[PDB]
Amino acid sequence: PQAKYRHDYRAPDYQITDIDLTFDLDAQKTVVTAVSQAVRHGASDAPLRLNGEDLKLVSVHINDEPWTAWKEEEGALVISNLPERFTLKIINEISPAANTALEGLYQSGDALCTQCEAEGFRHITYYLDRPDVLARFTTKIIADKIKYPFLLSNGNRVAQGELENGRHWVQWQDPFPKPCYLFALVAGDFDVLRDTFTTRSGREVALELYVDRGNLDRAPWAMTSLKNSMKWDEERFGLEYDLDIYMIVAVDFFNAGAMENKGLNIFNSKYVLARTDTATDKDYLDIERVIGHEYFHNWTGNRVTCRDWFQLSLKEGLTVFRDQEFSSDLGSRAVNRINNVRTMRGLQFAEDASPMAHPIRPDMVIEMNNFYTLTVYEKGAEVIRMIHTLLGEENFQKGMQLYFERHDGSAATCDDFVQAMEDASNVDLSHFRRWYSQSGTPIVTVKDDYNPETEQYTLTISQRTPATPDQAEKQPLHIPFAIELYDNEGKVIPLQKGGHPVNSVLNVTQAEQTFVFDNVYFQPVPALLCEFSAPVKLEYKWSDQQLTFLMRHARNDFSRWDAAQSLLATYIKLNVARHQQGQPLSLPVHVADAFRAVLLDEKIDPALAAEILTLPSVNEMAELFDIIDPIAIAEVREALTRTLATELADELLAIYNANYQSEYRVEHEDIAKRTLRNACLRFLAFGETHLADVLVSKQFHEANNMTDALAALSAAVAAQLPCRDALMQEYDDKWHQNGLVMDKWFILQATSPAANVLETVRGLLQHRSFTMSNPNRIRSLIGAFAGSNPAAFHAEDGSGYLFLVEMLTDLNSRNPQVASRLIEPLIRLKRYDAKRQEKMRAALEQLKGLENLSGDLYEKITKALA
């Protein structure tokens, strides 16, 4: 297919102000009548190009005049000779039952529902499918009352009727103009959880949460979470919900997570449903995160939307930032910060190195679901966070205020947002704008000198961004670089120069520069890049003792955890090299001693302890190497675990029992203590086998909740303890009728360290709870294998690659978006060694060859093969 470029953006030749939709719903054959009020801004010779895909056009009228001047060409309806103002009427047919791709209107079990972001509304009718066209929607739905008793669209019920033949209809009116990507329609039968929330200003909002019949007991957390989101957006941003009613529909068949359709959010049911014995702490906190996320979109995405899709980060960067702040306010900010950094370093960095590398504001896009990426979302959020870091909270809020004042009700650009922050704060961000247009992860090298004569510390900070596949030119960024200097007592040395204080966030704006600090009264141990103040790789020659010092003394828990990650980083790289030579793990006693200290520190926050005692993921570890040896990394992680499990056996067991809790609560102290207890159990699993098998079996069976049961189940798989198969069989026998609970089991299987792991995953394509028609199952099994089990995917015989190629051959026709998610491990071939590349290249060349290759895959494959 054909590529699209940000720099060609042009205001449209026509606009639409108002659209009245009617749907005659039926799964096999739905008929759509779309009456649109339109305007020509452009020139008379220039026709209206409307977008449409897989549409059966029944009729076209202009002001009730059957129109003759038009043609369907590929993917568009082109209409000529139009008035300056006219009523467009289209009628067309679509078939939700045939919609396996889950774009547009499709069927999720017995229900019908929509996904229109990014360019899905064109699968529903011929429209100006672009988010710079905003209009007021009115939506009429006609359906069989028995199959589809509930008929939902955005806004308010303004009309209702019954009909002959057991059909009924309902009409919705959304007062706020919107881009079609925000349109939603759900029809079906549901249990409905109903509550209300009153805004600070007195507006009473009806809350309706629609779940499949029988799931009303799993709904209350999500509700509480919505209410908390509404409260928090009020307290922190001063923003209030703007309609009378808030609907959420949880459906099972969904490609991504959730969607912010105005007043009618549609969620993957994985981020709604929870109960203490089906969902984990992580699940609860994810439900909290995503409910919040889609709610915060109501202002940052909906009241202010994107001028075009290249501006996607304008809303996702900002909205993610907002869900991070939400979770951090209500929970542990540090645990939150830590995990978000794990993700930046572990996954996003890898993408910014990949052939799919792109700035948070892309300049070129072929298929736009491919840019719903770790980069646009998470790095985009770090970019927001840097603006926040640079302006401080009060000015950051003044900028938010200016942004809405300026742009409420319209579509905007990333640049509009930066300008609003600049103008409201009077901090200059012209240079800082380069973060929007430059891909790749900058590397920051730091050098230091203490001079005792002058009591001066000197930092020489230099930066480079290496070239990426997408960009041959790179240039210095405006890098906000936070530091603290500690003296030998653990106290903080006040930063200064020439008598007057110095803000501890340095403006690193050049390829190379120097900072001097006066009155540094003792040779300092520095904390560098505090709080991960910019999304960069830091190069500084730490000593173990500097790092252990910081683990004991740094003010911010983040810097303690992070020091530990640097300490470990070194010994991971040592042992991968060793593993390649056939040598066992080697590890200095003082390294093990540092972690013993964390286990016995009575004062440390268990949440922090637990993160420090969590080894980097294999994905995090991979980022330490130019060439990746996935097997060595996997085996080294296993050995590092085994070793600490031996060295710290008694302390690990002590802390495990000490954190026992008879009561289960989703509450941040209880989650911390539990996260610690399970971190310990993990190590103990790799210790002496009989005690392991006993502790792990006991917790599986005695557990009063899914967090504890799964941690044990998961440890049995990881450590291949003798009780494993029994426990796995039992989870199957209990939970097999339950998709979302099974997803956890499929993930364990797909990630098992056993040697017959691929053979098992194939068998599981037949399992009773698996099916290729459900993205969630696909990702629990196939995805978790290919992306979260690198050792097996990258098995030397190329067997992992051929497996994924089979699956992708299916998925390319069935569901290109899911296929594109799954290909990603394969387009990383250049991080690996030559023999693996050659096989991976071949695998890609084969997929390139598929008859009817999707745009979604073509994009990644051609870049990967370039």
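Numbering starts at 1 and follows the sequence shown.
Legend: mean Cα B-factor per stretch from the PDB entry, 299-307 versus 509-517; the higher mean is in 509-517. Taking the mean C-alpha B-factor of each stretch as recorded, 11-19 and 843-851 are not equal, and the higher mean is that of 843-851. Note on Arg333, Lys698, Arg361, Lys231: the highest value goes to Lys698, judged by CA B factor as recorded. Of the residues listed, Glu73, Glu316, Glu294, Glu382, the entry assigns the biggest Cα temperature factor to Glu73. Among the modelled residues of its chain, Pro588 has a C-alpha B-factor that falls in the middle third according to the deposited record. Sort the modelled residues of the chain by CA B factor and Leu822 lands in the middle third.
Among all modelled residues in this chain, the alpha-carbon of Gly52 has a temperature factor (C-alpha) in the middle third.
Ranked within its chain, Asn575 lands in the middle third, by CA B factor from the PDB record.
Split the chain's modelled residues into thirds by C-alpha temperature factor. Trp172 is in the lowest one.
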